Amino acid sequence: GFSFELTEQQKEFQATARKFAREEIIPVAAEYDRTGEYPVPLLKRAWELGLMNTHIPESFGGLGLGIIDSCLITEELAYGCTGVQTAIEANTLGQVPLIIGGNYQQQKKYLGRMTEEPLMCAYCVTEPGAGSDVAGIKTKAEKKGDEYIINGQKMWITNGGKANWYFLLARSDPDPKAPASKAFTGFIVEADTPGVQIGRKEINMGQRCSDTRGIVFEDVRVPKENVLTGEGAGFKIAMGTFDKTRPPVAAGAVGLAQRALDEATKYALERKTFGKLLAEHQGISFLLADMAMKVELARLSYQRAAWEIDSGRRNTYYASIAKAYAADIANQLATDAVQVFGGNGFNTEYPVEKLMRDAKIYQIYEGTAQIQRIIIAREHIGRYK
């Protein structure tokens, strides 16, 4: 039977995440956007609150939460700032591969350490020449005795220069004609390994306090015991990762949509034009209505997709719907939020212009808007074919 009711435990995680988001993140999110520092103090706290690495199984000192849980928490954090929240989320991204494709030993060693200190990790797939086309990746891995030799370059890595270790997808089969399903290998690469050249901090339009860099791998030596399931099983792990990790990215976008909604509404209830409150102009109340409608829909789609995977079923279809839809409305609301503010909305002393800048990324990373329509269409047709 249907249920849209949170558990008391969930209600508590949510309250914690909300309180920290609004009491700690909000008051400083603006300064961090301006300066573009790494929000170390915030991450630290988030760690102590147990609002990071939430998905690490209990066996490794983790909380062992589900995808539903992460979404719930990450909707709250995103509300404060998606710059900060992205830092946090990236940790889970680099961890999932391990959780779903790692052995006890690999898990214990790399997931275990995240539990002990406030360490960070990153997910390295994208390259200058390939992002959407993962099968177009050119980073190569060559087996030499008991180790692998990694040569290649990765681009746009969140937590790029702050990561303890990286999950790294490389092409292990040189045969150009080798199929995607057996041409790649997933590795755990320690950032301190000789040969990893961390690039400069890339300066983007939004999520400015987030660390995004390119990375070069020059003859990096990785022990075979850092291969995750085996040689060739790299593609499947990547794909399997997006299904658990898309819902939470959808939840971030409807956090940033909720913020926009809250700001717009509050303002409309204060500002007057032509003798009436903004909210009293039918054209504005209609915009607020439309805005509200979208947030609820998008919150509803990520819950569906998260529940699906938590139930132990493939959620590719629902996850893409969620990421596709959540990304679009966060973008729509962001722009509609500065509109409501008028001249003030375009101004940097107000909180909505930041939102409009942060929102854009949701339509690009973790599978572009267009890539999502490719997945959905393929998954959709599959039921008539």
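In case it trips you up, residue 1 is the first one in the sequence shown, and so on.
- Two stretches are in play, 224-232 and 92-100, and the higher mean C-alpha B-factor belongs to 224-232.
- Two stretches are in play, 192-200 and 78-86, and the higher mean C-alpha B-factor belongs to 192-200.
- Residue set 354, 360, 323, 44: peak C-alpha B-factor at 44 (per PDB entry).
- Of the residues listed, 248, 128, 161, 118, the entry assigns the biggest Cα temperature factor to 118.
- For residue 18, the recorded CA B-factor ranks within the middle third of the chain. Only modelled residues enter the ranking.
- Ranked within its chain, residue 40 lands in the middle third, by CA B factor from the PDB record.
- The PDB entry assigns residue 172 a C-alpha temperature factor belonging to the highest third of its chain's modelled residues.
- Per the PDB record, residue ranking by Cα B-factor puts residue 349 in the middle third of the chain.
- Ranked by C-alpha B-factor against the other modelled residues of its chain, residue 294 falls in the lowest third.
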